[PDB]
Structures are given as C-alpha cells and as structure tokens.
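Shown below: query_27.pdb, with PDB, C-alpha atoms.
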ATOM      1  CA  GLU O  69     145.198 130.554  34.815
ATOM      2  CA  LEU O  70     148.909 130.387  35.658
ATOM      3  CA  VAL O  71     149.938 134.035  35.311
ATOM      4  CA  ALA O  72     153.370 135.335  36.247
ATOM      5  CA  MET O  73     153.880 138.605  38.089
ATOM      6  CA  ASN O  74     157.073 140.595  38.512
ATOM      7  CA  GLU O  75     157.596 142.243  41.897
ATOM      8  CA  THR O  76     156.179 145.629  40.934
ATOM      9  CA  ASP O  77     153.878 148.413  42.132
ATOM     10  CA  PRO O  78     151.053 147.174  44.410
ATOM     11  CA  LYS O  79     148.780 149.795  42.862
ATOM     12  CA  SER O  80     149.631 148.105  39.572
ATOM     13  CA  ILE O  81     148.735 144.824  41.305
ATOM     14  CA  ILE O  82     145.367 146.385  42.155
ATOM     15  CA  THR O  83     145.079 147.337  38.483
ATOM     16  CA  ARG O  84     146.129 143.762  37.634
ATOM     17  CA  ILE O  85     143.222 142.443  39.741
ATOM     18  CA  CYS O  86     140.528 143.736  37.407
ATOM     19  CA  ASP O  87     142.886 143.241  34.535
ATOM     20  CA  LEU O  88     142.636 139.494  35.162
ATOM     21  CA  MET O  89     138.938 139.973  35.856
ATOM     22  CA  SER O  90     138.788 141.222  32.269
ATOM     23  CA  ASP O  91     140.866 138.211  31.203
ATOM     24  CA  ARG O  92     138.357 135.819  32.783
ATOM     25  CA  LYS O  93     135.508 136.067  35.268
ATOM     26  CA  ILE O  94     137.679 135.101  38.227
ATOM     27  CA  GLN O  95     135.899 133.834  41.328
ATOM     28  CA  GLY O  96     138.931 132.322  43.037
ATOM     29  CA  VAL O  97     142.512 133.490  43.092
ATOM     30  CA  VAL O  98     145.847 132.217  44.333
ATOM     31  CA  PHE O  99     148.883 134.484  44.336
ATOM     32  CA  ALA O 100     152.375 133.578  45.493
ATOM     33  CA  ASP O 101     154.095 136.279  47.482
ATOM     34  CA  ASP O 102     157.391 137.503  48.859
ATOM     35  CA  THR O 103     158.366 136.739  52.448
ATOM     36  CA  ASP O 104     158.990 140.314  53.662
ATOM     37  CA  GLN O 105     155.775 142.139  52.704
ATOM     38  CA  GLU O 106     153.571 142.795  55.730
ATOM     39  CA  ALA O 107     152.590 146.352  54.822
ATOM     40  CA  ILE O 108     151.260 144.939  51.553
ATOM     41  CA  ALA O 109     149.332 142.455  53.697
ATOM     42  CA  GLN O 110     147.855 145.544  55.348
ATOM     43  CA  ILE O 111     147.128 146.795  51.827
ATOM     44  CA  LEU O 112     145.422 143.827  50.179
ATOM     45  CA  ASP O 113     142.743 142.989  52.749
ATOM     46  CA  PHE O 114     140.670 146.166  52.826
ATOM     47  CA  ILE O 115     140.787 146.308  49.021
ATOM     48  CA  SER O 116     139.076 142.914  49.059
ATOM     49  CA  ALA O 117     136.638 143.941  51.814
TER      50      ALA O 117
ATOM     51  CA  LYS M  25     162.534 175.953  50.862
ATOM     52  CA  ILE M  26     159.550 174.906  48.739
ATOM     53  CA  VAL M  27     156.809 172.477  49.801
ATOM     54  CA  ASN M  28     153.466 171.234  48.452
ATOM     55  CA  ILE M  29     150.555 170.306  50.713
ATOM     56  CA  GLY M  30     147.909 167.692  49.943
ATOM     57  CA  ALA M  31     144.260 167.796  50.935
ATOM     58  CA  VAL M  32     140.721 166.722  50.041
ATOM     59  CA  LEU M  33     138.102 169.402  49.393
ATOM     60  CA  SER M  34     134.590 169.384  47.972
ATOM     61  CA  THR M  35     134.912 172.787  46.274
ATOM     62  CA  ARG M  36     137.764 174.966  45.082
ATOM     63  CA  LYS M  37     136.929 178.116  47.046
ATOM     64  CA  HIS M  38     138.368 176.307  50.060
ATOM     65  CA  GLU M  39     141.478 175.705  47.958
ATOM     66  CA  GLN M  40     141.579 179.453  47.285
ATOM     67  CA  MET M  41     141.394 180.126  51.028
ATOM     68  CA  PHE M  42     144.112 177.486  51.410
ATOM     69  CA  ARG M  43     146.262 179.446  48.955
ATOM     70  CA  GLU M  44     145.549 182.658  50.884
ATOM     71  CA  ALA M  45     146.841 180.910  53.993
ATOM     72  CA  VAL M  46     149.777 179.648  51.899
ATOM     73  CA  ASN M  47     150.597 183.320  51.309
ATOM     74  CA  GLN M  48     150.170 184.046  55.030
ATOM     75  CA  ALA M  49     152.635 181.233  55.745
ATOM     76  CA  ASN M  50     154.933 182.696  53.064
ATOM     77  CA  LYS M  51     154.976 185.878  55.150
ATOM     78  CA  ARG M  52     157.632 184.002  57.148
ATOM     79  CA  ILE M  58     160.223 179.813  52.853
ATOM     80  CA  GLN M  59     158.008 178.748  49.930
ATOM     81  CA  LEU M  60     154.723 176.831  49.779
ATOM     82  CA  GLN M  61     152.713 175.365  46.905
ATOM     83  CA  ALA M  62     149.156 174.070  46.510
ATOM     84  CA  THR M  63     148.171 170.613  45.285
ATOM     85  CA  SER M  64     145.288 169.622  43.035
ATOM     86  CA  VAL M  65     142.853 168.500  45.728
ATOM     87  CA  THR M  66     139.467 166.879  45.161
ATOM     88  CA  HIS M  67     136.687 164.936  46.867
ATOM     89  CA  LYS M  68     135.646 161.912  44.781
ATOM     90  CA  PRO M  69     132.429 159.916  45.336
ATOM     91  CA  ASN M  70     134.279 156.603  44.851
ATOM     92  CA  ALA M  71     136.931 155.208  47.179
ATOM     93  CA  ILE M  72     138.237 153.047  44.338
ATOM     94  CA  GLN M  73     138.830 156.257  42.389
ATOM     95  CA  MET M  74     140.179 157.836  45.578
ATOM     96  CA  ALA M  75     142.728 155.018  45.742
ATOM     97  CA  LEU M  76     143.529 155.512  42.055
ATOM     98  CA  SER M  77     144.215 159.226  42.615
ATOM     99  CA  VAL M  78     146.927 158.352  45.167
ATOM    100  CA  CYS M  79     149.734 157.997  42.608
ATOM    101  CA  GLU M  80     148.365 161.006  40.747
ATOM    102  CA  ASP M  81     148.830 163.121  43.877
ATOM    103  CA  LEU M  82     151.916 161.441  45.397
ATOM    104  CA  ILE M  83     153.857 161.640  42.115
ATOM    105  CA  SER M  84     155.994 164.558  43.345
ATOM    106  CA  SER M  85     158.722 164.814  45.974
ATOM    107  CA  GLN M  86     157.242 167.865  47.715
ATOM    108  CA  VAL M  87     153.964 166.112  48.622
ATOM    109  CA  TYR M  88     153.023 166.704  52.250
ATOM    110  CA  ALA M  89     150.453 165.349  54.715
ATOM    111  CA  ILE M  90     146.897 165.032  53.426
ATOM    112  CA  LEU M  91     144.075 167.052  54.969
ATOM    113  CA  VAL M  92     140.954 164.998  54.335
ATOM    114  CA  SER M  93     137.324 166.152  54.322
ATOM    115  CA  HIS M  94     134.094 164.218  53.822
TER     116      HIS M  94
END
Please lay out the structure from this file as structure tokens.
Amino acid sequence: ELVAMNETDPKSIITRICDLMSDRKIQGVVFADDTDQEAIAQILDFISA
Amino acid sequence: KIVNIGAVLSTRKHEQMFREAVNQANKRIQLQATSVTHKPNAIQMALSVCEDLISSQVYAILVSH
C-alpha cells in the first residue's frame, strides 16, 4: 500500500499508524524517512515495543 | 510573570493542595494550575501529551503512579 506522508506531527504519525491499520490489517510496514531525525528514532521504537 | 505547571495525579484533592501551594508561591509573580490526571493506559497517556502541552506556559511534569 504505497501511501504518501507529508513531514508532519509525529503524534499524527502515531495516529496514522492505526489509521492505516484501519485501512488494512497491516503486519509489515516500510516508511521512508528524513535524514536528520534521531529524536524521532528515539520516539518510534518504544511505541512499537 | 504567569506560569502553568503540569503534573499527574490520581485524585483532585492533591490538585487542590497544589493550588494552595500555588497561592503560597504567589505570596512572593503569578502561577496557574494545569488539568492533571492519571490514566490507566499509556497509549492514552501519550495521546494526552498534546492536550496538555498545547499552551506556552506549560512547565515540567510531576508524575505519580
């Protein structure tokens, strides 16, 4: 499911996660990312865990 | 000189004591009180972050279990 995503609020990305879960039962994801976002890398991992 | 302090509390009587201490700080300068809560879901606790951080005056969070 090739979805686009504007560089926006990471809380809205967290909302987008179970937005696309409601789009389809998603088991696997890929998500392209910016090259200067390491605090968001600190954000995403414990949300998953 | 107005500020607004964030916390996490199980009940609101502790928020009333917090406002009493806000007045005791206002003895020396203005202080406000945030809408604090203690949710049983950390997903909902993450969703309340923008609801509490939406202001400019938001201060350090004082978190209880």
| task | Translate the PyMOL selection byres ((chain O and resi 99) around 10), as applied to the file shown, into an explicit residue set as a ChimeraX atom specification. | result | /O:70-73,97-98,100-101
Residues as selected, C-alpha atoms, written as a short mmCIF file (atom, residue, chain, number, x, y, z; two decimals), in the frame of the given file, can you do that?
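Final output, again.cif:
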data_model
loop_
_atom_site.label_atom_id
_atom_site.label_comp_id
_atom_site.auth_asym_id
_atom_site.auth_seq_id
_atom_site.Cartn_x
_atom_site.Cartn_y
_atom_site.Cartn_z
CA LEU O 70 148.91 130.39 35.66
CA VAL O 71 149.94 134.04 35.31
CA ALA O 72 153.37 135.34 36.25
CA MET O 73 153.88 138.60 38.09
CA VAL O 97 142.51 133.49 43.09
CA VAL O 98 145.85 132.22 44.33
CA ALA O 100 152.38 133.58 45.49
CA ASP O 101 154.10 136.28 47.48
#
For the interface of chain M with chain O (cut-off 10 Å, counting all atoms listed in the file), please tabulate each contacting residue of chain M alongside its nearest pair of atoms and their separation in Å to one decimal, rows sorted by chain and increasing number, as CSV.
residue,atom,partner,partner_atom,distance
M:71,CA,O:115,CA,9.9
M:72,CA,O:115,CA,8.6
M:75,CA,O:79,CA,8.5
M:76,CA,O:79,CA,7.8
M:78,CA,O:79,CA,9.1
M:79,CA,O:79,CA,8.3
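Restricting the calculation to only C-alpha atoms, the smallest distance between residue 92 of chain M and any of M:60, M:31, M:41, M:49 is found for M:31.
The coordinates place atom CA of residue 94 of chain M at 11.8 Å from atom CA of residue 70 of chain M.
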| Looking at M:45, M:61, M:93, M:39, which one is nearest to residue 27 of chain M, with distances taken over all atoms listed in the file? | M:61
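Taking atom CA of residue 59 of chain M as the reference point, atom CA of residue 29 of chain M is found at 11.3 Å.
Reported to one decimal place, the separation of atom CA of residue 91 of chain M from atom CA of residue 76 of chain O is 28.3 Å.
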